[PDB]
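Asks: Following this: a sequence and the matching experimental structure.
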10 protein chains.
Amino acid sequence: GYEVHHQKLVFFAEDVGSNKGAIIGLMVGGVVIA
Amino acid sequence: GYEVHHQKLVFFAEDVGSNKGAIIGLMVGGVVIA
Amino acid sequence: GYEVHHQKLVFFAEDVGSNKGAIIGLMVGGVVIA
Amino acid sequence: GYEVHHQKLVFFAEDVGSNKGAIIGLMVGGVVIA
Amino acid sequence: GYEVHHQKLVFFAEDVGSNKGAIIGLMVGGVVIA
Amino acid sequence: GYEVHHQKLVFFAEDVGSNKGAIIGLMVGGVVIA
Amino acid sequence: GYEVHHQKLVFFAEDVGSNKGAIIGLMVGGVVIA
Amino acid sequence: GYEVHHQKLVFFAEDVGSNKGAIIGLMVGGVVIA
Amino acid sequence: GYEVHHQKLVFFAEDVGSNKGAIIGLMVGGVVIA
Amino acid sequence: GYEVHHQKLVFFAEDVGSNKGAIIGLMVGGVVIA
């Protein structure tokens, strides 16, 4: 018998304020210019 | 017997205020200019 | 016997206010100019 | 009998303020110019 | 009988302020220019 | 001065033959039974 | 002066033959039963 | 002066034959039963 | 003056045959039952 | 003057045959039951 519970993944846990750049959770490939 | 419960994935957990840039949860490929 | 329950995926959990940029949940390809 | 509980993964635990660069949780491949 | 609980992984535990560079939690491959 | 060119994203680069299952490029939510 | 060129992202580079299961490029959320 | 070129990301470089399970390039959240 | 070229990331370089389980390139969160 | 070239990252360099379990390149969070 197996169980997994109350597992969490959070990228940004708290607030984001006044960014003038680039904020990305998960990026796969691509180009980011900030 | 197996179970998984109360699993969560959150990119942005708290508020986002006054961004003048680019905020992306998940990006695959593409170009981001901020 | 297997079960999965109460699983959630949330990109933006809290409010978004006064953005003057670009907010994208999921982006695949494309060009974002902010 | 096995169980795992209250396991968490957090990239950014506290707030992000006034970034003018690039903040990425998870990056796979790609180019980041900040 | 085995159990694991209250295990956590945190990349950035406290706040990030005014970055003008590049902050990445996990990077696999890719190029980062800061 | 910045430029990005000849960037491509391809889900299936070569041919698909005689599938009796389910082939999906991008899936968001939903249920797939194959 | 910055440039990025000839960048590619490919999920399946070669052919797919006779699948009786499920092949998905990118999956976000959802349930896949194969 | 900076440049990046001929960068590639490939999930499956060669052919996939006769799968009766589940093949996913990128998975974010969700449940996969194979 | 800086340059990066001919950089590659490949998850599966050669062929995949007759899987009856689950093959995932990149997985973020979620539950995989094979 | 700096350059980096012919750099590669490969998770699975050779073929995968007849798996009845779970093969994952990169896993972040989540639960894998094989």
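Replies: Yep, that arrived. Numbers count the residues shown, from 1 in each chain, chains lettered A, B, ... in the order given.
Asks: does any bit of the helix or strand harbouring residue A:26 sit next to chain H?
Replies: Element membership for residue A:26 (DSSP states H and E) is strand A:22-28. Yes. Remark: strand A:22-28 sits within contact range of chain H at A:26, A:28, by Cβ under 8 Å from any Cβ of the partner chain. The C-beta positions use only the backbone N, C-alpha and C, and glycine is treated the same way.
Asks: Output that strand as PDB - backbone C-alpha positions only.
Replies: What follows is strand A:22-28, C-alpha atoms only, in PDB (Å, rounded to 0.1, in the frame of the first residue of the first chain):
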ATOM      1  CA  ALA A  22      10.900  39.300 -18.100                       C
ATOM      2  CA  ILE A  23       9.600  36.700 -15.600                       C
ATOM      3  CA  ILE A  24       9.000  33.200 -16.800                       C
ATOM      4  CA  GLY A  25       8.000  30.200 -14.800                       C
ATOM      5  CA  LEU A  26       9.100  27.400 -17.100                       C
ATOM      6  CA  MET A  27      10.900  28.000 -20.300                       C
ATOM      7  CA  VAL A  28      11.700  25.400 -22.900                       C
END
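Asks: any residue of that strand up close to chain D?
Replies: Yes. Using Cβ under 8 Å from any Cβ, strand A:22-28 reaches chain D at A:22, A:23, A:24, A:25, A:26, A:27, A:28.
Asks: do that strand and chain I meet at all?
Replies: Yes. Under the criterion of Cβ under 8 Å from any Cβ, chain I is reached by strand A:22-28 at A:26, A:28.
Asks: count of residues packed around residue A:1?
Replies: 8 (other Cβ atoms under 10 Å in any protein chain shown).
Asks: if I look at it, how far off is chain H?
Replies: From residue A:1 across to chain H, the span is 19 Å (Cβ to the nearest Cβ, to the nearest Å).
Asks: ok, now residue A:10?
Replies: Taken as Cβ to the nearest Cβ, the span from residue A:10 to chain H is 12 Å.
Asks: helix, strand or coil for that residue?
Replies: Secondary structure, DSSP: H, G, I helix; E, B strand; the rest coil: residue A:10 is strand.
Asks: if I pick it, what's in contact with it?
Replies: B:8, B:9, B:10, B:11, B:13, D:8, D:9, D:10, D:11 (Cβ atoms under 8 Å, 6 or more residues apart in numbering or on different chains).
Asks: Burial check on the closest residue to residue A:15 other than its chain neighbours, number of neighbours?
Replies: Among residues not flanking residue A:15 along the chain, residue B:14 sits closest, at 4.1 Å (Cβ to Cβ, 6 or more residues apart in numbering or on different chains). Neighbour count of residue B:14, defined by other Cβ under 10 Å: 20.
Asks: hang on, residue B:14 packs against residue C:12?
Replies: No. With contact defined as Cβ atoms under 8 Å, residue B:14 does not reach residue C:12; the gap is 9.4 Å.
Asks: Backbone dihedrals for the residue nearest to residue A:15, both of them.
Replies: phi -120, psi 180 (degrees, to the nearest 10).
Asks: Enumerate every residue touching it.
Replies: Taking Cβ under 8 Å, 6+ apart, one finds A:12, A:13, A:14, A:15, A:16, C:13, C:14, D:15 in contact with residue B:14.
Asks: Can you tell me which of those residues are buried?
Replies: For the contacts of residue B:14, a burial check counting by 16 or more other Cβ atoms under 10 Å in any protein chain shown picks out A:12, A:13, A:14, A:15, A:16, C:13, C:14, D:15.
Asks: that older thread, residue F:32: which of the contacts of residue A:10 is nearest?
Replies: Within those, the smallest distance to residue F:32 is 19.2 Å, found for residue B:9 (Cβ to Cβ).
Asks: Now that closest one: closest residue in space, sequence neighbours ignored.
Replies: residue I:29 (3.9 Å).
Asks: Just to check, the one you found is in contact with residue C:8?
Replies: No. With contact defined as Cβ under 8 Å, residue I:29 does not reach residue C:8; the gap is 10.0 Å.
Asks: Compare neighbour counts for those two and give me the winner.
Replies: Shown here are residue I:29 and residue C:8; by other Cβ under 10 Å, residue I:29 has more neighbours (27 against 14).
Asks: and the next element down the chain from the strand holding residue A:26?
Replies: Following strand A:22-28 in sequence, per DSSP H and E, is strand A:31-33.
Asks: How far does that next one sit from its chain's centre?
Replies: 17 Å (Cα atoms, centre = their mean, to the nearest Å).
Asks: That strand: partners in the sheet, and parallel or antiparallel?
Replies: Using DSSP bridges, strand A:31-33 pairs in its sheet with strand B:31-33 (parallel), strand D:31-33 (parallel).
Asks: Between the two ends of stretch A:27-34, how far is it?
Replies: 14 Å (Cα to Cα, to the nearest Å).
Asks: Show me how far stretch A:3-12 is from its chain's centre.
Replies: Centroid separation between stretch A:3-12 and its chain, computed with Cα atoms, centre = their mean, is 13 Å.
Asks: sorry, that was for stretch A:23-31
Replies: Relative to its parent chain, stretch A:23-31 has a centroid offset of 10 Å by Cα atoms, centre = their mean.
Asks: again with stretch A:6-24
Replies: With Cα atoms, centre = their mean as the basis, the mean position of stretch A:6-24 lies at 5 Å from the chain mean.
Asks: Please report how far residue A:29 lies from residue G:14.
Replies: From residue A:29 over to residue G:14 the distance is 19 Å, taken as Cβ to Cβ, to the nearest Å.
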